[PDB]
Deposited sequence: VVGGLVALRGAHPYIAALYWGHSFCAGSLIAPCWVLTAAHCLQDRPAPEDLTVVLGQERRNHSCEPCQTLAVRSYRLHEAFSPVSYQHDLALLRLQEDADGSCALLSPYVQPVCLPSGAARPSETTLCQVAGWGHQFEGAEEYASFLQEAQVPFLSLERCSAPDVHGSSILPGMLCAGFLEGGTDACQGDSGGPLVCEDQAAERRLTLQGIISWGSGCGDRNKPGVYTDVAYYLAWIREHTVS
């Protein structure tokens, strides 16, 4: 994220890190055995066996005492995801349970985020400006406003690219936004998950708010594919 400050260690218990092969993504714990991420993260369909999920992390790829690591037993991409429009950009990760039948072991550092009931914080370990060389090390969060679809859609902003299922957030003046390395990241409002970090055009540029998957738009899909 761009324009933000280091997040408190306990501020984002729900956020999850996803590692496999040479790739990385973020997500949100929405139930003890379920992470919600972006479909474009798993576009290339890696094998569940190769995925590692880490909960309770503060420093990207850094082992820590509250950290909890989990295998991924399966995942479901939304059937209508388009790798062209990036519409319907969400996916569910079913975590692998241990012998007690538990996945995440909840604690002050590991807890699910509420799905929306139906001003915001964005969080992630990605680039602190566009073109940045490395990932943040400490988790960043920044506060960003919601943007009405009629104003995000306007032709000076994002235009025809804003489709059903997307939502926007940030200052039209620019400055605070997510970036590369923040995909699947949580947009948290009033605390509930209302967006998934999906795409934009250049981190925080003027007149270019970030584009997120609108989680409330997909409640029914999430309920349906989140039993079990």
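Point to revise | Regions of the deposited sequence not represented in the model | key: Sequence ranges with no C-alpha atoms are 119-126, 199-205.
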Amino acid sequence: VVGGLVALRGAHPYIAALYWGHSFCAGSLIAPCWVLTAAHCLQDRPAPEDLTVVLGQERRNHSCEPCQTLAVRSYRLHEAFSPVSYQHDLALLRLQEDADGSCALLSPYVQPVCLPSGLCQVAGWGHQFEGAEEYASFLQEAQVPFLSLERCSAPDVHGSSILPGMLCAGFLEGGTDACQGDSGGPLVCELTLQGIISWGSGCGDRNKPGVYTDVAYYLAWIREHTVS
From here on, numbers count along this sequence of modelled residues.
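The term rigid core refers to the maximal set of C-alpha atoms that superpose within 1.5 Å between the two forms.
Point to revise | Larger mean CA deviation from the shown form in 6 other deposited structures of this protein [core fit; 56-64 vs 192-200] | key: Farther from the shown form on average in 6 other deposited structures of this protein: 56-64.
Check your understanding: in 6 other deposited structures of this protein, superposed by the rigid core, which stretch departs further from the shown form in CA positions, 107-115 or 94-102?
Key -> Higher root mean square deviation of C-alphas in 6 other deposited structures of this protein is shown by 94-102.
Review point. As stated in the PDB record, which stretch has the larger average Cα B-factor, 6-14 or 207-215?
Key: Mean CA B-factor is higher for 6-14.
Check your understanding: Taking the recorded C-alpha temperature factors, which stretch has the higher mean, 99-107 or 73-81?
Key -> The stretch with the larger average C-alpha B-factor is 99-107.
Review point. Whose CA atom has the top B-factor in the entry, of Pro46, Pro66, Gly27, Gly200?
Key: Out of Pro46, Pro66, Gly27, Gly200, the record gives the largest C-alpha B-factor to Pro46.
Check your understanding: Looking at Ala136, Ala142, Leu92, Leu119, which has the highest CA B-factor as recorded?
Key -> Of the candidates given, the C-alpha B-factor peaks at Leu119.
Practice item. Check where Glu190 lands among this chain's C-alpha B-factors and tell me if it's the lowest, middle or highest third. Key: Highest third of the chain for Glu190's C-alpha B-factor.
Exercise for review: Name the third of the chain's ranked CA B-factors that contains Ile162, choosing lowest, middle or highest.
Suggested key: Its C-alpha B-factor, which the entry lists for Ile162, ranks in the middle third among residues of this chain.
**Study point:** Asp182, C-alpha B-factor rank within chain (lowest, middle or highest third)
**Key:** Answer is lowest: the recorded C-alpha B-factor places it there.
Check your understanding: Lowest, middle or highest third: where is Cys168 by Cα B-factor in its chain?
Key -> According to the entry, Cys168 has a C-alpha B-factor in the chain's middle third.
Exercise for review: Within this chain's modelled residues, let me know which third the CA B factor of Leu115 belongs to: lowest, middle or highest.
Suggested key: Within its chain, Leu115 is a lowest-third residue by C-alpha B-factor, going by the deposited values.
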